Amino acid sequence: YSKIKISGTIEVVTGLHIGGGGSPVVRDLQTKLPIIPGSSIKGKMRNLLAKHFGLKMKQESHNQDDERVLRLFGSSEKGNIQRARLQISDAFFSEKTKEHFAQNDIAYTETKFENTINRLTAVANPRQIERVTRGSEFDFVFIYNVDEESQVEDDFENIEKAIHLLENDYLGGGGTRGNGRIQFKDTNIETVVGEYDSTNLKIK
Amino acid sequence: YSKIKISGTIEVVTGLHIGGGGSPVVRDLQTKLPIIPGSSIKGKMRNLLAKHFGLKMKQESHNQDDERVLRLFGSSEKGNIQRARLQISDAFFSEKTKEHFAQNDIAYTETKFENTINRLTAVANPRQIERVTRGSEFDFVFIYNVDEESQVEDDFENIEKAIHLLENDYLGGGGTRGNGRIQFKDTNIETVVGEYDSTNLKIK
Amino acid sequence: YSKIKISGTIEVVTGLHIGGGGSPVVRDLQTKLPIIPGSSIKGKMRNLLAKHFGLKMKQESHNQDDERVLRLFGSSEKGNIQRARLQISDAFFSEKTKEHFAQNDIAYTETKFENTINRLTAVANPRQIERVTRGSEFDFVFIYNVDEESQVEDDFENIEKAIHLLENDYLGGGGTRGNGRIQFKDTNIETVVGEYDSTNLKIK
Amino acid sequence: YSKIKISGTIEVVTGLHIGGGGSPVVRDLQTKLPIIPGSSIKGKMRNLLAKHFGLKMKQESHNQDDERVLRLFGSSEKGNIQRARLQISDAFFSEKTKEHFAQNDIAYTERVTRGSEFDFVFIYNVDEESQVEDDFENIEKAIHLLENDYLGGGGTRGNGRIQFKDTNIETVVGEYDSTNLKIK
Amino acid sequence: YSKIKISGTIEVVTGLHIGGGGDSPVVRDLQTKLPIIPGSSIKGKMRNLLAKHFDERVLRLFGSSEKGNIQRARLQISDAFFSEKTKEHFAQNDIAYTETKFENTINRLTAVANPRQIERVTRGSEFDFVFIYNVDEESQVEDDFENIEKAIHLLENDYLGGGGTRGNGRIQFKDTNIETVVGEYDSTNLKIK
Amino acid sequence: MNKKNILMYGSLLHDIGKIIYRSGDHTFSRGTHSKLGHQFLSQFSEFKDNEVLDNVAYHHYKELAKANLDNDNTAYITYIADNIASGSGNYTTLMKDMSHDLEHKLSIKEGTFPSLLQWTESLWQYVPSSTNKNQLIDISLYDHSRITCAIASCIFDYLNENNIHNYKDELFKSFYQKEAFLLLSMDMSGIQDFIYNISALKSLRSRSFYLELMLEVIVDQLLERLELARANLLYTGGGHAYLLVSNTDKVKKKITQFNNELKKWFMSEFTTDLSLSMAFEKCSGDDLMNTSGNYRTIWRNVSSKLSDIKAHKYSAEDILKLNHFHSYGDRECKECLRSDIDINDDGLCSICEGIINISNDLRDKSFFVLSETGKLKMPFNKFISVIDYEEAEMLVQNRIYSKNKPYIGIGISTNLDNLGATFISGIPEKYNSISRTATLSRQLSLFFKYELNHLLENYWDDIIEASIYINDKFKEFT
Amino acid sequence: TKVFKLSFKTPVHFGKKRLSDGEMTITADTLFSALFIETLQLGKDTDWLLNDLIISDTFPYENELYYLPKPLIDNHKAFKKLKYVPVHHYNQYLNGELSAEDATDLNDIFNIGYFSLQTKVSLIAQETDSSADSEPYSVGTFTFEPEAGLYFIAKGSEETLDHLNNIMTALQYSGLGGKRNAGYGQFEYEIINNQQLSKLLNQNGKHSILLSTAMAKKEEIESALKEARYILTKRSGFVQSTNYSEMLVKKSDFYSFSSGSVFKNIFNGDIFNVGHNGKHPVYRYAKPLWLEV
RNA sequence: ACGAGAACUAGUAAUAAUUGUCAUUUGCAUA
RNA sequence: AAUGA
């Protein structure tokens, strides 16, 4: 029984709006800074990697997916329980970035003003959207459980596919209108518990 | 499943005034330079390509519009499920322009003084408008989702129609007085995710 | 739905003082050469072609105009939405004029010294004003949208009359004392978007 | 709104020296040949016409003139708008004079050499149908006074008196009859 | 015969959700309305982890006592409570004790979304805890403490409560003190991290 | 026909001419109520008992004053019991129906008295008992008639058991003061503990039913052992049974014997979780009547001796036999948690399994039958079994317990905060009699057992709403 | 004749028949059990305290106040809702000097904690294997206010009570209830001698009030119940480590008097054997601790 | 030798899909 | 800069 740890940095490319309040952005209430919830990341990876493999109409109805997808994220509802293997924790604002922003006096949040033009009348109506600044960083951690020895290489291949797909997609809302693009950098793999070596493993 | 990448440069022909913060312009605050938001590009292209096809008064009432328009830009509102197939990203002030403008001592912003003459009174009122400078450039990236293997050619034909129409129109605000005229250069098509071909595809 | 292009050259015969930087002359910051803002042309043409038709004092108080002017130019202020159908861009020095002034070693600006002699005291007060060298040529473009297959002919007759009145007038400032007289030349019509027949139209 | 036009030529007899340079003469730097600022003719006709009618010392202090000058010439600085109805344009040579001088090999500057001709083109807007006759008879009077006075700087020693010839009163925009007018 | 007490504090790294009432309603006291971690929660999670690692060890330390053989529990785990330092600091900085998180679910084939709420103990809080060990066999205390150390390690790299696959529950252990409270057995050398 | 039956029959219906006079039937509404009733009943062939006619014709003063009856005839004892108890077309429709029922349905032979009792109850439970202008009549005619019967039977037990034959001279105030009859009380403990011994929410009505049925069975048995009827039972329910008997040596000995048998059986069936206590205090004809407010005193004394008997409910032999070893280690009842009884395969003992089965049957079937062998245990080696309607009439052709169904004529059948002030005081002055507690108990029972079901027919927030509604209704009640 | 004060700080589970039950106090038999188990655990001698120690029931206390069980000596509606009487009024209670309004105020002031049904689950089932239903169960707990708790009375010589001191010092780290190994029921204690407690314990009268649960020996029962007012309560339960199967081992039923009993004639008690088909005896405590008023 | 003792309120799901800070406005009037 | 949705 072994547990493998993955840590790294999320970098914001264009403005990001997780916006879980409802238009505010989600904040920790001990520090008053933005955070990236982990259920967002898990849900987006579920959707993307599921659509990669065959997604059927009958498989559309029941929220069941391919066997591989269920194996990596868990089903545990179908009368055939499936325990998950990949635990996704939240990510928080980094100390390097808060130092930099306080030094150069850069506010942490933008308020973009937007407009809509309706048809037949051309009377516009405006609105306000808050969004994280670009150049921000967050620190992310993943844990993966070795419930079986012979599936590790395949599972990490699939996680690499999910990373690629997410890095060519968006997190949060307003993704088609511009918001929410990310990259991952400075990763690291380590066997934090157990006796399973993880030197040949990599997530780009 | 496949995602295809479009990329290129926007060339500013006359003054551009998005004014997203509004008489200032819309700026980043990690670098304090102008940008072109993706929202405005999407909206203007959509309005052109909808007007070019049919526009009915009842269809004018509620933003109900042609089928191809909703297939390529997304509605999923009227109980029919349709998420957008084209992802449009923001445009960031390019590096070559930065180098040239720095080493010739040319600013990034014109300040134009405007006048209004009243009727039957002949009193002038002055105004100041802050326009992005001529000769600039920006960089843009689009992502295309392939949700159906037998519509790629048609959707790309509609896209090149929208691009051509916009090369004969204005982006921004106050374009009926000489603002916002743009051009597109150096367009490249790549398939980022999948095993799909993009050698016969083109956009002018 | 289609879009016609009107192009040509504006030739200045007398002094041209526009002073948009104001007593210098408005100038591009990337080439360091004068321009005519499109705002000036649109405003001057609107005032001329609007004074010709009925110009009521009650309409002047409420800034209401004649229906022809609003359909050709658009106001959308009285609760009735009217989008402009004629788009006017700026002007710039033509290549031939640049080559001619470069070969002949002739500058682009004249400094005129003007003397004011005042009543009852006779004290001569001098002034310096900058003007654009007479005999230079500017390149202009208008874009015409078709929204109704019929009214194109009437619209082009009206734009003919507007060009005529402008050609018997001055552009810019300092007109009632010798500056601003220009004319149009080398007008061309070429349908650039759509499938419309506009080869019998004639702009002189 | 009809645009009527006046055009004519001006003959030079006394070696002229305007003083547009502020000892040279003002030149358009496209042809290096003498010109005449339109402010010159505008202001000089203005001053003569103002002198002819009553001129008050209090109005001299405040740069106020008669209603005729405020209409024809127009100032629009007292809080009452008066846009000018007589666009004066800058005058150039005539090609006749240039051809004659080139054939006879005569220079232009001594001062403005004698025997020149100048093409002056005025544009008159008809903002009111009725007052047309009064305005044009006033312009005729002003032209006569100018013909019997001097234009230029420092002309009080024999320079700056010139003649009017060869007019043509043509309507260029409008549908108004302009055959009964005259400006000699 | 000796009794040993292991005392310390546990810190909440990401939001915690035990939620016995639900699932938003987090377990509290019904009078002081302060969140607590029941000892059954810790006992069960540690049992599951340590069993997955490997038996007679789990049976001697947590006790079975009905499988045809009767073994009595050798480790007693108590409830945990909010600490005074954290109450003072939060009262000064004006922070609430509990957060509310808003979430959403998406229908396949229908793309319609519907909401949820999850109540969750705040980040940075602290709890105080004590465990008791009854020394019934002298030649086994080192083995029992090796096993308890492994259990605390595993629980440190895992989650407590509900919804931990989506990002809740992570905890840390600080400020350990190991004192022999009844008897004359030498426990000034033990360590638990 | 035993003379006891003669008195009892002339006793229940001795006051029916009052209805035939209120009905306005011109045929039999001209004279005094006694002769009106006699004339009415002189029709039907079954009711042609001569001494019953004599009993019903003269239940007042002048009637006996001018009738010069014999020395042994129940009209005198009728008079005495009546006195001690005492302390518009719908009536015409009712007497039409009465004529039809009397000539068609009922039987007059021995053992038909309970059927006659249910008949009178089902018909008369709302007739105004009297319309006296100087009195407040909070009683129905049913209560006057029934308590008159109970008093009559008790007076007869007393007079006959002491070997007196000259009833007239003995009973025609001096007798009213003698310690003639007794008040008797049964209280069963442990109801709350036994009712909440279930492991879900609707299952706690079956064992409520079991407790209620046992109380009714034991009280009906007691009345049978003493040669009276269910007339002599004032109140039942909760855990209580208030009853009235005679003050003679024979009944005292029989009460003692019955007490011993009940104590033995309750200990046998259940160890100590359910008991039964019986206490009796003697009363005179004056005590139940309102003379010097002594009724409160009587009630308090009965409660006092009841508390004392509760304090010392066992003896040394019992407590030593209880602490005697017995076999254990076998499983206990999964719902009832008691390991002294043999258990079946399903995991429930005899009584708890019987209760669950009888609740399952009660949800569909609705008649209970008291037999020698059957399903659920009862005192004295008797059992209760479940049967349906037509089955009930066939069994009647060859005792039956129901649920609030007033079926009449089918053999013998028995249809099944400030409380202390109401139960002990009632009306302190001018109305302090046994009849008033009778009617108060009847009205409270109608509210508790029948009106509560009607209220709940349409049924956390609900609990509060019901509490507020109950409080408001009780405020309106008093 | 010292008294022991105990404060808990954590909820406790005592219970009557099931785990769903929550109870405030426990009985002298439960504490004799605790002390006996702890002595056998510490390796000492049970002989000294088998037949020299007299223990009483547990009783509640509040800030500076003490309560005692209601003795079984006009409103007859308010007293029946009372379980404990304060010490200062104890004598006044037995002389009929307590009024209804005072009793009602007492009922008002007597809140010393609250109750809670904690719900839990079990996944040790085939949930480990595959799809299998979870099993929600419920435990009942009682919680004290910061200044309430329990007190006990113990008497005898000085040596026995020094032994008792040692036993309580050792015991204060185990628990006194049900789900002890789940995190319930620990305490800290103090040894007290109050003046008024000694005054009540040293009265002189004709009757006697029982502060424990006890049973008369055979040869005296016939003379014990001459004039008495008592309550019999069946006491059953399961054993801790008699034989192989726990289920096959369950104590034989026992009946004993309650803690408000009044006896005109005193009896000594006995420690009773309630074992059968076991390896070692299982004792129930039954020895009375009197107060004579 | 305490109505005892073994017993994680767990498990699957996120913040969504659509939307142009745009429409009207001559640095202009006098020696 | 002026008034709006």
# chains A, B, ... in the order shown; residues from 1 in each chain; ligands from 1

call {"tool": "select_by_dssp", "arguments": {"residues": "stretch 272-323 of chain F", "states": "alpha helix (DSSP H)", "output": "PDB file with C-alpha atoms, in the first residue's frame"}}
result
ATOM      1  CA  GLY F 285     -75.610   5.267  51.004  1.00  0.00           C
ATOM      2  CA  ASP F 286     -74.731   8.695  52.366  1.00  0.00           C
ATOM      3  CA  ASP F 287     -71.124   8.733  51.122  1.00  0.00           C
ATOM      4  CA  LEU F 288     -71.872   8.557  47.395  1.00  0.00           C
ATOM      5  CA  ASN F 294     -67.290  12.986  52.009  1.00  0.00           C
ATOM      6  CA  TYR F 295     -66.909  11.718  48.423  1.00  0.00           C
ATOM      7  CA  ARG F 296     -63.578  13.526  48.092  1.00  0.00           C
ATOM      8  CA  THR F 297     -62.530  11.865  51.344  1.00  0.00           C
ATOM      9  CA  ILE F 298     -63.499   8.421  50.057  1.00  0.00           C
ATOM     10  CA  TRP F 299     -61.563   8.911  46.851  1.00  0.00           C
ATOM     11  CA  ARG F 300     -58.468  10.181  48.663  1.00  0.00           C
ATOM     12  CA  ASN F 301     -58.548   7.234  51.067  1.00  0.00           C
ATOM     13  CA  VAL F 302     -58.752   4.725  48.208  1.00  0.00           C
ATOM     14  CA  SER F 303     -55.802   6.428  46.531  1.00  0.00           C
ATOM     15  CA  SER F 304     -53.910   6.335  49.834  1.00  0.00           C
ATOM     16  CA  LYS F 305     -54.316   2.607  50.395  1.00  0.00           C
ATOM     17  CA  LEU F 306     -53.441   2.110  46.735  1.00  0.00           C
ATOM     18  CA  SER F 307     -50.162   3.971  47.249  1.00  0.00           C
ATOM     19  CA  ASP F 308     -49.447   1.888  50.338  1.00  0.00           C
ATOM     20  CA  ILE F 309     -50.113  -1.386  48.503  1.00  0.00           C
ATOM     21  CA  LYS F 310     -47.772  -0.126  45.799  1.00  0.00           C
ATOM     22  CA  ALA F 311     -45.112   0.475  48.442  1.00  0.00           C
ATOM     23  CA  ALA F 316     -40.476 -12.509  51.638  1.00  0.00           C
ATOM     24  CA  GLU F 317     -41.338 -15.834  50.010  1.00  0.00           C
ATOM     25  CA  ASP F 318     -41.885 -14.145  46.648  1.00  0.00           C
ATOM     26  CA  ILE F 319     -38.623 -12.231  46.804  1.00  0.00           C
ATOM     27  CA  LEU F 320     -36.660 -15.362  47.702  1.00  0.00           C
ATOM     28  CA  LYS F 321     -38.276 -17.369  44.907  1.00  0.00           C
ATOM     29  CA  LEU F 322     -37.457 -14.516  42.522  1.00  0.00           C
TER      30      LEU F 322
END

call {"tool": "residues_around", "arguments": {"residues": "residue E:109", "least_positions_apart": "3", "cutoff": "12 Å", "atoms": "only C-alpha atoms (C1' of nucleotides)", "output": "number ranges by chain"}}
result
A: 47, 51, 55-64; B: 76, 79-83; E: 106, 112-113

call {"tool": "interface_residues", "arguments": {"of": "chain H", "to": "chain B", "cutoff": "9 Å", "atoms": "only C-alpha atoms (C1' of nucleotides)", "output": "VMD selection string"}}
result
chain H and resid 17 to 23 25 to 29

call {"tool": "residues_around", "arguments": {"residues": "residue D:31", "least_positions_apart": "6", "cutoff": "12 Å", "atoms": "only C-alpha atoms (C1' of nucleotides)", "output": "VMD selection string"}}
result
(chain C and resid 104 to 106 133 to 135) or (chain D and resid 92 to 93 98)

call {"tool": "write_last_selection", "arguments": {"atoms": "N, CA, C and O atoms", "output": "mmCIF file, in the first residue's frame"}}
result
data_model
loop_
_atom_site.group_PDB
_atom_site.id
_atom_site.type_symbol
_atom_site.label_atom_id
_atom_site.label_comp_id
_atom_site.auth_asym_id
_atom_site.auth_seq_id
_atom_site.Cartn_x
_atom_site.Cartn_y
_atom_site.Cartn_z
ATOM 1 N N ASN C 104 11.620 67.471 -54.635
ATOM 2 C CA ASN C 104 11.677 68.913 -54.832
ATOM 3 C C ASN C 104 12.208 69.668 -53.624
ATOM 4 O O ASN C 104 12.350 70.892 -53.699
ATOM 5 N N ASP C 105 12.503 68.977 -52.525
ATOM 6 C CA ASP C 105 13.010 69.601 -51.302
ATOM 7 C C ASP C 105 12.068 70.709 -50.827
ATOM 8 O O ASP C 105 12.451 71.866 -50.651
ATOM 9 N N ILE C 106 10.812 70.324 -50.626
ATOM 10 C CA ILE C 106 9.748 71.234 -50.225
ATOM 11 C C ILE C 106 9.088 70.671 -48.974
ATOM 12 O O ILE C 106 8.752 69.483 -48.928
ATOM 13 N N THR C 133 1.020 72.389 -46.744
ATOM 14 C CA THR C 133 1.448 72.925 -48.029
ATOM 15 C C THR C 133 0.411 72.629 -49.104
ATOM 16 O O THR C 133 -0.045 71.494 -49.266
ATOM 17 N N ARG C 134 0.035 73.668 -49.845
ATOM 18 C CA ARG C 134 -0.971 73.525 -50.885
ATOM 19 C C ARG C 134 -0.423 72.675 -52.022
ATOM 20 O O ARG C 134 0.765 72.748 -52.349
ATOM 21 N N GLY C 135 -1.283 71.856 -52.609
ATOM 22 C CA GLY C 135 -0.873 70.969 -53.673
ATOM 23 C C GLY C 135 -0.591 69.550 -53.244
ATOM 24 O O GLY C 135 -0.114 68.759 -54.065
ATOM 25 N N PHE D 92 -3.704 84.033 -56.376
ATOM 26 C CA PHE D 92 -2.477 83.658 -57.053
ATOM 27 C C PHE D 92 -2.308 84.516 -58.296
ATOM 28 O O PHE D 92 -3.122 85.391 -58.596
ATOM 29 N N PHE D 93 -1.233 84.239 -59.028
ATOM 30 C CA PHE D 93 -1.003 84.890 -60.305
ATOM 31 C C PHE D 93 -2.011 84.405 -61.338
ATOM 32 O O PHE D 93 -2.797 83.486 -61.101
ATOM 33 N N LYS D 98 2.290 85.138 -66.106
ATOM 34 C CA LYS D 98 3.479 84.294 -66.070
ATOM 35 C C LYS D 98 4.047 84.097 -67.468
ATOM 36 O O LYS D 98 5.263 84.192 -67.675
#

call {"tool": "select_by_dssp", "arguments": {"residues": "stretch 93-145 of chain C", "states": "strand (DSSP E)", "output": "list in words"}}
result
residues 93, 109, 110, 111, 112, 113, 114, 115, 116, 117, 124, 125, 126, 127, 128, 129, 130, 131, 132, 137, 138, 139, 140, 141, 142, 143, 144 and 145 of chain C

call {"tool": "write_last_selection", "arguments": {"atoms": "C-alpha atoms", "output": "short mmCIF file (atom, residue, chain, number, x, y, z; two decimals), in the first residue's frame"}}
result
data_model
loop_
_atom_site.label_atom_id
_atom_site.label_comp_id
_atom_site.auth_asym_id
_atom_site.auth_seq_id
_atom_site.Cartn_x
_atom_site.Cartn_y
_atom_site.Cartn_z
CA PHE C 93 -0.40 61.48 -47.58
CA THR C 109 4.13 73.10 -43.38
CA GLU C 110 4.02 76.87 -43.79
CA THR C 111 4.41 79.29 -40.90
CA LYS C 112 2.20 82.30 -41.53
CA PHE C 113 2.75 85.50 -39.55
CA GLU C 114 -0.45 87.48 -39.02
CA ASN C 115 -0.70 91.02 -37.67
CA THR C 116 -3.65 92.39 -35.74
CA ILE C 117 -4.08 96.18 -35.87
CA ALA C 124 0.52 95.61 -34.14
CA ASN C 125 0.18 92.21 -32.46
CA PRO C 126 1.86 89.29 -34.28
CA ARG C 127 0.89 85.61 -34.46
CA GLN C 128 2.29 82.43 -36.00
CA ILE C 129 0.07 79.71 -37.51
CA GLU C 130 0.95 76.41 -39.19
CA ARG C 131 -0.65 75.30 -42.47
CA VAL C 132 -0.39 72.29 -44.78
CA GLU C 137 -2.93 64.82 -52.00
CA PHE C 138 -4.78 62.66 -49.47
CA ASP C 139 -6.28 59.19 -49.93
CA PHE C 140 -9.83 58.64 -48.69
CA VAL C 141 -12.19 55.68 -48.35
CA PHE C 142 -15.91 55.41 -47.60
CA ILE C 143 -17.75 52.15 -46.98
CA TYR C 144 -21.41 51.84 -47.93
CA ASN C 145 -23.64 49.11 -46.52
#

call {"tool": "residues_around", "arguments": {"residues": "residue A:194", "least_positions_apart": "5", "cutoff": "12 Å", "atoms": "only C-alpha atoms (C1' of nucleotides)", "output": "list in words"}}
result
residues 1, 2, 3, 4, 5, 144, 145, 146 and 147 of chain A; 52, 53, 54, 150, 153, 154 and 157 of chain E

call {"tool": "atom_distance", "arguments": {"atom1": "atom CA of residue F:208", "atom2": "atom CA of residue F:235"}}
result
17.7 Å

call {"tool": "interface_residues", "arguments": {"of": "chain C", "to": "chain D", "cutoff": "6 Å", "atoms": "only C-alpha atoms", "output": "list in words"}}
result
residues 52, 113, 119, 120, 176, 177 and 178 of chain C

call {"tool": "closest_residue", "arguments": {"among": "F:248, F:83, F:339, F:5", "to": "residue G:249", "atoms": "only C-alpha atoms"}}
result
F:339

call {"tool": "closest_atom_pairs", "arguments": {"of": "chain H", "to": "chain E", "cutoff": "6 Å", "atoms": "only C-alpha atoms (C1' of nucleotides)", "output": "tab-separated table"}}
result
residue	atom	partner	partner_atom	distance
H:6	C1'	E:64	CA	4.7
H:8	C1'	E:44	CA	4.4
H:9	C1'	E:20	CA	4.7
H:13	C1'	E:105	CA	5.8
H:14	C1'	E:104	CA	4.1
H:15	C1'	E:104	CA	5.9

call {"tool": "closest_atom_pairs", "arguments": {"of": "chain G", "to": "chain E", "cutoff": "9 Å", "atoms": "only C-alpha atoms", "output": "JSON lines"}}
result
{"residue": "G:10", "atom": "CA", "partner": "E:79", "partner_atom": "CA", "distance": 7.9}
{"residue": "G:41", "atom": "CA", "partner": "E:1", "partner_atom": "CA", "distance": 7.6}
{"residue": "G:42", "atom": "CA", "partner": "E:1", "partner_atom": "CA", "distance": 5.6}
{"residue": "G:43", "atom": "CA", "partner": "E:1", "partner_atom": "CA", "distance": 7.7}
{"residue": "G:114", "atom": "CA", "partner": "E:30", "partner_atom": "CA", "distance": 8.8}
{"residue": "G:116", "atom": "CA", "partner": "E:30", "partner_atom": "CA", "distance": 8.1}
{"residue": "G:118", "atom": "CA", "partner": "E:20", "partner_atom": "CA", "distance": 7.7}
{"residue": "G:119", "atom": "CA", "partner": "E:20", "partner_atom": "CA", "distance": 6.5}
{"residue": "G:120", "atom": "CA", "partner": "E:20", "partner_atom": "CA", "distance": 7.1}
{"residue": "G:124", "atom": "CA", "partner": "E:48", "partner_atom": "CA", "distance": 8.7}
{"residue": "G:169", "atom": "CA", "partner": "E:182", "partner_atom": "CA", "distance": 8.4}
{"residue": "G:170", "atom": "CA", "partner": "E:182", "partner_atom": "CA", "distance": 6.4}
{"residue": "G:173", "atom": "CA", "partner": "E:132", "partner_atom": "CA", "distance": 7.7}
{"residue": "G:174", "atom": "CA", "partner": "E:76", "partner_atom": "CA", "distance": 8.4}
{"residue": "G:180", "atom": "CA", "partner": "E:76", "partner_atom": "CA", "distance": 7.5}
{"residue": "G:181", "atom": "CA", "partner": "E:76", "partner_atom": "CA", "distance": 4.9}
{"residue": "G:182", "atom": "CA", "partner": "E:40", "partner_atom": "CA", "distance": 5.4}
{"residue": "G:183", "atom": "CA", "partner": "E:78", "partner_atom": "CA", "distance": 3.9}
{"residue": "G:184", "atom": "CA", "partner": "E:78", "partner_atom": "CA", "distance": 6.8}
{"residue": "G:186", "atom": "CA", "partner": "E:78", "partner_atom": "CA", "distance": 8.8}
{"residue": "G:241", "atom": "CA", "partner": "E:70", "partner_atom": "CA", "distance": 7.4}
{"residue": "G:244", "atom": "CA", "partner": "E:68", "partner_atom": "CA", "distance": 6.5}
{"residue": "G:245", "atom": "CA", "partner": "E:68", "partner_atom": "CA", "distance": 6.5}
{"residue": "G:246", "atom": "CA", "partner": "E:66", "partner_atom": "CA", "distance": 6.9}
{"residue": "G:247", "atom": "CA", "partner": "E:66", "partner_atom": "CA", "distance": 8.9}

call {"tool": "interface_residues", "arguments": {"of": "chain G", "to": "chain A", "cutoff": "12 Å", "atoms": "only C-alpha atoms", "output": "PyMOL selection string"}}
result
chain G and resi 126-133

call {"tool": "write_last_selection", "arguments": {"atoms": "N, CA and C atoms", "output": "PDB file, in the first residue's frame"}}
result
ATOM      1  N   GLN G 126     -19.691  -5.786   4.398  1.00  0.00           N
ATOM      2  CA  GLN G 126     -19.293  -6.110   3.034  1.00  0.00           C
ATOM      3  C   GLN G 126     -19.073  -4.845   2.209  1.00  0.00           C
ATOM      4  N   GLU G 127     -19.258  -3.671   2.826  1.00  0.00           N
ATOM      5  CA  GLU G 127     -18.781  -2.430   2.226  1.00  0.00           C
ATOM      6  C   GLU G 127     -17.305  -2.530   1.888  1.00  0.00           C
ATOM      7  N   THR G 128     -16.538  -3.220   2.734  1.00  0.00           N
ATOM      8  CA  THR G 128     -15.164  -3.541   2.377  1.00  0.00           C
ATOM      9  C   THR G 128     -15.118  -4.428   1.140  1.00  0.00           C
ATOM     10  N   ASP G 129     -16.086  -5.335   1.007  1.00  0.00           N
ATOM     11  CA  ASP G 129     -16.101  -6.255  -0.125  1.00  0.00           C
ATOM     12  C   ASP G 129     -16.611  -5.568  -1.385  1.00  0.00           C
ATOM     13  N   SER G 130     -17.851  -5.106  -1.355  1.00  0.00           N
ATOM     14  CA  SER G 130     -18.539  -4.599  -2.537  1.00  0.00           C
ATOM     15  C   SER G 130     -19.745  -3.802  -2.063  1.00  0.00           C
ATOM     16  N   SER G 131     -20.696  -3.595  -2.965  1.00  0.00           N
ATOM     17  CA  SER G 131     -21.968  -2.991  -2.600  1.00  0.00           C
ATOM     18  C   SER G 131     -22.583  -3.714  -1.413  1.00  0.00           C
ATOM     19  N   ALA G 132     -22.752  -2.982  -0.317  1.00  0.00           N
ATOM     20  CA  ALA G 132     -23.428  -3.480   0.868  1.00  0.00           C
ATOM     21  C   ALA G 132     -23.971  -2.285   1.631  1.00  0.00           C
ATOM     22  N   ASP G 133     -25.165  -2.447   2.187  1.00  0.00           N
ATOM     23  CA  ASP G 133     -25.829  -1.342   2.857  1.00  0.00           C
ATOM     24  C   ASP G 133     -25.075  -0.940   4.116  1.00  0.00           C
TER      25      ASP G 133
END

call {"tool": "residues_around", "arguments": {"residues": "residue C:159", "least_positions_apart": "5", "cutoff": "12 Å", "atoms": "only C-alpha atoms (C1' of nucleotides)", "output": "PyMOL selection string"}}
result
chain C and resi 6+42+45-46+48-50+68-69+72-73+85-86+142+144+152-154+164-166+201-204

call {"tool": "residues_around", "arguments": {"residues": "residue B:14", "least_positions_apart": "3", "cutoff": "6 Å", "atoms": "only C-alpha atoms (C1' of nucleotides)", "output": "PyMOL selection string"}}
result
chain B and resi 134+179-181

call {"tool": "atom_distance", "arguments": {"atom1": "atom CA of residue E:129", "atom2": "atom CA of residue E:6"}}
result
8.3 Å
